[PDB]
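Novice: Experimental structure and sequence below, a few questions after.
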Amino acid sequence: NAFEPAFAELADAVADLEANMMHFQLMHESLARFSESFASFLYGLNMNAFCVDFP
Amino acid sequence: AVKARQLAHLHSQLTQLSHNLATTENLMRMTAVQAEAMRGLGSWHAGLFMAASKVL
């Protein structure tokens, strides 16, 4: 009754929040895959060094 | 007959000489470049594993 356009503004704000949160979710997943590849990469690198540590 | 065989030998010599020199010069220069490339390559990877050892 009193906050009709106010709640419309809230609807817009939550829509923007949904957009930013989707970008966060997506980009964090992207970085998760990135980090996992580089983690397993250097992991196995350490494993090879951990097994046959050169002179 | 005699000189026919002499020049037969000479023609074979010179023919295969041109072939061998082509082989020699071209592939030698090429392989020298390849050698230095492989040198720097293996050295870089060697140091990579060196740093991995220090990482351990």
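Specialist: Sure, I can see it. Numbering: from 1, shown residues only, chains lettered A, B, ... in the order given.
Novice: Find the closest residue to chain A in chain B.
Specialist: residue B:52 (3.9 Å; Cβ to the nearest Cβ). (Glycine included, C-beta is placed from N, CA and C.)
Novice: contacting residues for that residue?
Specialist: A:45-46, A:48-49 (Cβ atoms under 8 Å, 6 or more residues apart in numbering or on different chains).
Novice: and chain B, which of those residues reach it?
Specialist: A:45-46, A:48-49 (Cβ under 8 Å from any Cβ of the partner chain).
Novice: Relative to residue B:10, which of the residues you listed is nearest.
Specialist: Nearest to residue B:10 among these, counting by Cβ to Cβ, is residue A:48 at 59.5 Å.
Novice: what packs against the helix or strand in which residue A:7 is found?
Specialist: Residue A:7 is part of helix A:4-51, with elements assigned from DSSP states H and E. With contacts taken as 3 or more Cβ pairs under 8 Å, 6 or more residues apart in numbering or on different chains; DSSP states H and E, helix A:4-51 sits against helix B:2-55.
Novice: The helix it packs on to helix A:4-51, inter-axis angle?
Specialist: Interaxial angle of helix B:2-55 relative to helix A:4-51 (axes from the mean of the first three to the mean of the last three Cα atoms, to 10 degrees): 120 degrees.
Novice: Distance from the chain centre to helix B:2-55, please.
Specialist: Relative to the chain's own centre, helix B:2-55 is displaced by 0 Å; criterion: Cα atoms, centre = their mean, to the nearest Å.
Novice: who in chain B is up against chain A?
Specialist: B:49-50, B:52-53, B:55-56.
Novice: May I ask which of those has the most neighbours?
Specialist: Neighbour counts for those, by other Cβ atoms under 10 Å in any protein chain shown, peak at residue B:52, which reaches 18 neighbours.
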